[PDB]
Amino acid sequence: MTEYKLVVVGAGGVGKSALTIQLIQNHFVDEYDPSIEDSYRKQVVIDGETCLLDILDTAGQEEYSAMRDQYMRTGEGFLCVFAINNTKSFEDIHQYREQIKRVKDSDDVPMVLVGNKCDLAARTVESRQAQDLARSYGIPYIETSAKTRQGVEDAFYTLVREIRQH
Ligand SMILES: Nc1nc2c(ncn2[C@@H]2O[C@H](COP(=O)(O)OP(=O)(O)NP(=O)(O)O)[C@@H](O)[C@H]2O)c(=O)[nH]1
Ligand SMILES: O=C(NC[C@H]1CCCO1)c1cc2ccccc2cc1O
Ligand SMILES: [Mg+2]
């Protein structure tokens, strides 16, 4: 089985770990022991082919920088998560990607933007802004929610597709 290391990036309150625990543990984060494994693992079939979906979540409310590059340098694809109610996350998506390029030493690398907390109600940045954000990079966009487990699998699965090419 192919091993895919996906580095999940997010602002802070967006809910990066939540999407991971939901896809991997089918549960909501914010109640697990951190630094236990450092990365998540999962076996699924995307695009009709069986591959290993290793979800690697990153820090959100810790201004992680030193380790931030570590995940990228060892990770293949990068899943960006933003909050519809937290416009602050919208600006985070671009600045974060810039960090991926420096470490990845490339331009077009496996990446996927996912609008977390979309099932809430208060969406500051309409889908137009989110969709246009991903288009600016040339990556697919998928709206999902770490609270309803809607699209969580899609967003994560989509990321693998880009990595498979690498
Ligand atoms: N309504 C809603 N709330 C969400 C969603 N995703 C995350 N949250 C909210 O996000 C909060 C948890 O975020 P967070 O502070 O990053 O928790 P953590 O990631 O476990 N800790 P840390 O940030 O230190 O890693 C909770 O208040 C949770 O309810 C979502 O899709 N919908
Ligand atoms: O460097 C790491 N560990 C020491 C050995 C064993 C695995 C490969 O190197 C290691 C680095 C990581 C970097 C980013 C995310 C998860 C990681 C998880 C890891 O286990
Ligand atoms: Mg967390």
# chains A, B, ... in the order shown; residues from 1 in each chain; ligands from 1
$ residues_around --residues "residue 9 (chain A)" --least-positions-apart "5" --cutoff "8 Å" --atoms "only C-alpha atoms" --output "count of residues only"
10
$ residues_around --residues "residue 143 (chain A)" --least-positions-apart "5" --cutoff "12 Å" --atoms "only C-alpha atoms" --output "mmCIF file with C-alpha atoms, in the first residue's frame"
data_model
loop_
_atom_site.group_PDB
_atom_site.id
_atom_site.type_symbol
_atom_site.label_atom_id
_atom_site.label_comp_id
_atom_site.auth_asym_id
_atom_site.auth_seq_id
_atom_site.Cartn_x
_atom_site.Cartn_y
_atom_site.Cartn_z
ATOM 1 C CA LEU A 19 -11.487 17.105 10.812
ATOM 2 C CA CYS A 80 -5.735 23.801 4.136
ATOM 3 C CA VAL A 81 -8.745 24.337 6.396
ATOM 4 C CA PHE A 82 -10.489 27.673 6.941
ATOM 5 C CA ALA A 83 -13.519 28.854 8.909
ATOM 6 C CA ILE A 84 -16.427 30.568 7.164
ATOM 7 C CA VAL A 112 -6.546 21.072 -1.127
ATOM 8 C CA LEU A 113 -8.589 23.856 0.473
ATOM 9 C CA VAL A 114 -11.499 22.878 2.716
ATOM 10 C CA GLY A 115 -14.002 25.248 4.299
ATOM 11 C CA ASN A 116 -14.328 24.016 7.875
ATOM 12 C CA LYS A 117 -17.194 25.100 10.134
ATOM 13 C CA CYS A 118 -19.436 25.497 7.084
ATOM 14 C CA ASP A 119 -22.383 23.733 8.734
ATOM 15 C CA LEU A 120 -22.542 26.481 11.375
ATOM 16 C CA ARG A 123 -20.430 32.485 6.882
ATOM 17 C CA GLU A 126 -19.050 33.225 0.898
ATOM 18 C CA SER A 127 -18.169 30.139 -1.150
ATOM 19 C CA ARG A 128 -17.142 32.596 -3.869
ATOM 20 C CA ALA A 130 -13.237 30.309 -0.726
ATOM 21 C CA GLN A 131 -13.509 28.876 -4.238
ATOM 22 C CA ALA A 134 -8.129 27.744 -4.132
ATOM 23 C CA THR A 148 -21.274 17.171 11.232
ATOM 24 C CA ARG A 149 -18.618 15.002 9.560
ATOM 25 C CA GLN A 150 -19.824 16.310 6.199
ATOM 26 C CA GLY A 151 -17.236 16.308 3.426
ATOM 27 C CA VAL A 152 -14.467 15.395 5.877
ATOM 28 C CA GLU A 153 -13.701 12.261 3.859
ATOM 29 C CA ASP A 154 -13.971 14.148 0.563
ATOM 30 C CA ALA A 155 -11.575 16.938 1.550
ATOM 31 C CA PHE A 156 -9.032 14.449 2.891
ATOM 32 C CA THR A 158 -9.115 14.792 -2.565
#
$ closest_atom_pairs --of "chain A" --to "ligand 1" --cutoff "6 Å" --atoms "only C-alpha atoms and all ligand atoms" --output "JSON lines"
{"residue": "A:12", "atom": "CA", "partner": "ligand 1", "partner_atom_place_in_ligand_line": "16 (O)", "distance": 5.5}
{"residue": "A:13", "atom": "CA", "partner": "ligand 1", "partner_atom_place_in_ligand_line": "16 (O)", "distance": 4.7}
{"residue": "A:14", "atom": "CA", "partner": "ligand 1", "partner_atom_place_in_ligand_line": "7 (C)", "distance": 5.7}
{"residue": "A:15", "atom": "CA", "partner": "ligand 1", "partner_atom_place_in_ligand_line": "7 (C)", "distance": 3.9}
{"residue": "A:17", "atom": "CA", "partner": "ligand 1", "partner_atom_place_in_ligand_line": "19 (O)", "distance": 5.2}
{"residue": "A:18", "atom": "CA", "partner": "ligand 1", "partner_atom_place_in_ligand_line": "6 (N)", "distance": 5.7}
{"residue": "A:29", "atom": "CA", "partner": "ligand 1", "partner_atom_place_in_ligand_line": "20 (O)", "distance": 5.4}
{"residue": "A:30", "atom": "CA", "partner": "ligand 1", "partner_atom_place_in_ligand_line": "20 (O)", "distance": 3.5}
{"residue": "A:59", "atom": "CA", "partner": "ligand 1", "partner_atom_place_in_ligand_line": "25 (O)", "distance": 5.8}
{"residue": "A:60", "atom": "CA", "partner": "ligand 1", "partner_atom_place_in_ligand_line": "23 (O)", "distance": 5.3}
{"residue": "A:61", "atom": "CA", "partner": "ligand 1", "partner_atom_place_in_ligand_line": "23 (O)", "distance": 5.1}
{"residue": "A:116", "atom": "CA", "partner": "ligand 1", "partner_atom_place_in_ligand_line": "31 (O)", "distance": 5.3}
{"residue": "A:117", "atom": "CA", "partner": "ligand 1", "partner_atom_place_in_ligand_line": "31 (O)", "distance": 3.4}
{"residue": "A:120", "atom": "CA", "partner": "ligand 1", "partner_atom_place_in_ligand_line": "1 (N)", "distance": 5.0}
{"residue": "A:145", "atom": "CA", "partner": "ligand 1", "partner_atom_place_in_ligand_line": "31 (O)", "distance": 3.9}
{"residue": "A:146", "atom": "CA", "partner": "ligand 1", "partner_atom_place_in_ligand_line": "31 (O)", "distance": 3.8}
{"residue": "A:147", "atom": "CA", "partner": "ligand 1", "partner_atom_place_in_ligand_line": "31 (O)", "distance": 4.2}
$ write_last_selection --atoms "N, CA, C and O atoms" --output "JSON list (two decimals), in the first residue's frame"
[["chain", "number", "residue", "atom", "x", "y", "z"],
["A", 12, "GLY", "N", -6.49, 28.58, 13.43],
["A", 12, "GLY", "CA", -6.47, 28.27, 14.85],
["A", 12, "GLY", "C", -7.76, 27.65, 15.32],
["A", 12, "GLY", "O", -7.81, 26.46, 15.65],
["A", 13, "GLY", "N", -8.83, 28.44, 15.34],
["A", 13, "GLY", "CA", -10.12, 27.94, 15.76],
["A", 13, "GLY", "C", -10.88, 27.28, 14.63],
["A", 13, "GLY", "O", -12.03, 26.88, 14.80],
["A", 14, "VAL", "N", -10.24, 27.18, 13.46],
["A", 14, "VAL", "CA", -10.87, 26.57, 12.30],
["A", 14, "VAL", "C", -11.28, 25.13, 12.59],
["A", 14, "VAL", "O", -12.38, 24.70, 12.23],
["A", 15, "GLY", "N", -10.40, 24.38, 13.25],
["A", 15, "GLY", "CA", -10.70, 23.00, 13.58],
["A", 15, "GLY", "C", -9.97, 22.02, 12.69],
["A", 15, "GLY", "O", -10.60, 21.26, 11.95],
["A", 17, "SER", "N", -7.64, 19.59, 13.83],
["A", 17, "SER", "CA", -7.64, 18.30, 14.50],
["A", 17, "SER", "C", -9.03, 17.66, 14.44],
["A", 17, "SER", "O", -9.16, 16.45, 14.31],
["A", 18, "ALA", "N", -10.06, 18.50, 14.54],
["A", 18, "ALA", "CA", -11.44, 18.01, 14.51],
["A", 18, "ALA", "C", -11.71, 17.22, 13.23],
["A", 18, "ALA", "O", -12.28, 16.13, 13.28],
["A", 29, "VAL", "N", -12.54, 15.94, 17.86],
["A", 29, "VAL", "CA", -11.32, 16.17, 18.62],
["A", 29, "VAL", "C", -11.62, 16.97, 19.89],
["A", 29, "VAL", "O", -12.77, 17.07, 20.31],
["A", 30, "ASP", "N", -10.58, 17.53, 20.51],
["A", 30, "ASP", "CA", -10.73, 18.32, 21.72],
["A", 30, "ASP", "C", -10.99, 17.42, 22.93],
["A", 30, "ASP", "O", -11.70, 17.80, 23.86],
["A", 59, "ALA", "N", -0.23, 22.46, 14.29],
["A", 59, "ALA", "CA", -0.66, 23.40, 15.32],
["A", 59, "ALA", "C", -1.50, 24.52, 14.72],
["A", 59, "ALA", "O", -1.32, 24.89, 13.56],
["A", 60, "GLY", "N", -2.41, 25.06, 15.52],
["A", 60, "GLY", "CA", -3.27, 26.13, 15.05],
["A", 60, "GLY", "C", -3.16, 27.38, 15.91],
["A", 60, "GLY", "O", -2.99, 28.48, 15.39],
["A", 61, "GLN", "N", -3.27, 27.21, 17.22],
["A", 61, "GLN", "CA", -3.19, 28.33, 18.15],
["A", 61, "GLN", "C", -1.88, 28.31, 18.93],
["A", 61, "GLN", "O", -1.87, 28.48, 20.15],
["A", 116, "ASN", "N", -13.86, 24.60, 6.62],
["A", 116, "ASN", "CA", -14.33, 24.02, 7.88],
["A", 116, "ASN", "C", -15.34, 24.93, 8.56],
["A", 116, "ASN", "O", -15.37, 26.14, 8.32],
["A", 117, "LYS", "N", -16.18, 24.34, 9.41],
["A", 117, "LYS", "CA", -17.19, 25.10, 10.13],
["A", 117, "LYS", "C", -18.20, 25.73, 9.17],
["A", 117, "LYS", "O", -18.68, 26.83, 9.40],
["A", 120, "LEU", "N", -22.13, 25.59, 10.30],
["A", 120, "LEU", "CA", -22.54, 26.48, 11.37],
["A", 120, "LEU", "C", -23.75, 27.32, 10.96],
["A", 120, "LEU", "O", -24.89, 26.95, 11.22],
["A", 145, "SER", "N", -17.42, 20.12, 7.33],
["A", 145, "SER", "CA", -17.62, 20.53, 8.72],
["A", 145, "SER", "C", -17.14, 19.43, 9.67],
["A", 145, "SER", "O", -17.54, 18.27, 9.55],
["A", 146, "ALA", "N", -16.28, 19.81, 10.61],
["A", 146, "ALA", "CA", -15.73, 18.86, 11.58],
["A", 146, "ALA", "C", -16.74, 18.53, 12.68],
["A", 146, "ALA", "O", -16.47, 17.69, 13.54],
["A", 147, "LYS", "N", -17.90, 19.18, 12.65],
["A", 147, "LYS", "CA", -18.93, 18.94, 13.66],
["A", 147, "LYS", "C", -20.01, 17.99, 13.14],
["A", 147, "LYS", "O", -20.61, 17.24, 13.92]]
$ residues_near_ligand --ligand "ligand 2" --cutoff "9 Å" --atoms "only C-alpha atoms and all ligand atoms" --output "ChimeraX atom specification"
/A:5,7,37-40,56-58,67-75
$ closest_residue --among "A:85, A:49, A:6, A:64" --to "ligand 3" --atoms "only C-alpha atoms and all ligand atoms"
A:64
$ closest_residue --among "A:92, A:132, A:76, A:98" --to "residue 164 (chain A)" --atoms "only C-alpha atoms"
A:76
$ residues_around --residues "residue 2 (chain A)" --least-positions-apart "6" --cutoff "8 Å" --atoms "only C-alpha atoms" --output "ChimeraX atom specification"
/A:50-52
$ closest_residue --among "A:104, A:165, A:62, A:111" --to "residue 77 (chain A)" --atoms "only C-alpha atoms"
A:111
$ select_by_dssp --residues "chain A" --states "alpha helix (DSSP H)" --output "JSON, numbers by chain"
{"A": [16, 17, 18, 19, 20, 21, 22, 23, 24, 66, 67, 68, 69, 70, 71, 72, 73, 74, 87, 88, 89, 90, 91, 92, 93, 94, 95, 96, 97, 98, 99, 100, 101, 102, 103, 104, 127, 128, 129, 130, 131, 132, 133, 134, 135, 152, 153, 154, 155, 156, 157, 158, 159, 160, 161, 162, 163, 164, 165]}
$ closest_residue --among "A:46, A:36, A:24, A:139" --to "residue 108 (chain A)" --atoms "only C-alpha atoms"
A:139
$ residues_around --residues "residue 91 (chain A)" --least-positions-apart "4" --cutoff "10 Å" --atoms "only C-alpha atoms" --output "short mmCIF file (atom, residue, chain, number, x, y, z; two decimals) with N, CA, C and O atoms, in the first residue's frame"
data_model
loop_
_atom_site.label_atom_id
_atom_site.label_comp_id
_atom_site.auth_asym_id
_atom_site.auth_seq_id
_atom_site.Cartn_x
_atom_site.Cartn_y
_atom_site.Cartn_z
N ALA A 11 -5.74 27.93 10.51
CA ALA A 11 -5.53 29.14 11.28
C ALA A 11 -5.37 28.83 12.77
O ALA A 11 -4.26 28.83 13.30
N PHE A 82 -10.14 26.32 6.52
CA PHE A 82 -10.49 27.67 6.94
C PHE A 82 -11.92 27.72 7.48
O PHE A 82 -12.75 26.89 7.12
N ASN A 86 -14.85 32.71 10.60
CA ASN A 86 -13.60 33.34 10.99
C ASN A 86 -12.81 33.79 9.76
O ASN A 86 -11.98 33.05 9.24
N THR A 87 -13.09 35.01 9.30
CA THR A 87 -12.40 35.56 8.13
C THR A 87 -10.89 35.53 8.32
O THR A 87 -10.13 35.46 7.36
N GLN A 95 -1.02 32.80 3.42
CA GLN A 95 0.26 32.92 4.11
C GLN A 95 0.84 31.54 4.43
O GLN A 95 2.05 31.34 4.39
N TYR A 96 -0.04 30.59 4.76
CA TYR A 96 0.40 29.23 5.08
C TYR A 96 1.01 28.56 3.86
O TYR A 96 2.11 28.00 3.93
N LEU A 133 -10.14 31.43 -3.76
CA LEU A 133 -8.89 31.31 -3.03
C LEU A 133 -8.09 30.10 -3.52
O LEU A 133 -6.88 30.19 -3.75
#
$ closest_residue --among "A:138, A:45, A:93, A:124" --to "residue 107 (chain A)" --atoms "only C-alpha atoms"
A:138
$ select_by_dssp --residues "region 22-117 of chain A" --states "strand (DSSP E)" --output "PyMOL selection string"
chain A and resi 43-46+49-57+77-83+111-116
$ closest_residue --among "A:4, A:25, A:105, A:88" --to "residue 162 (chain A)" --atoms "only C-alpha atoms"
A:4
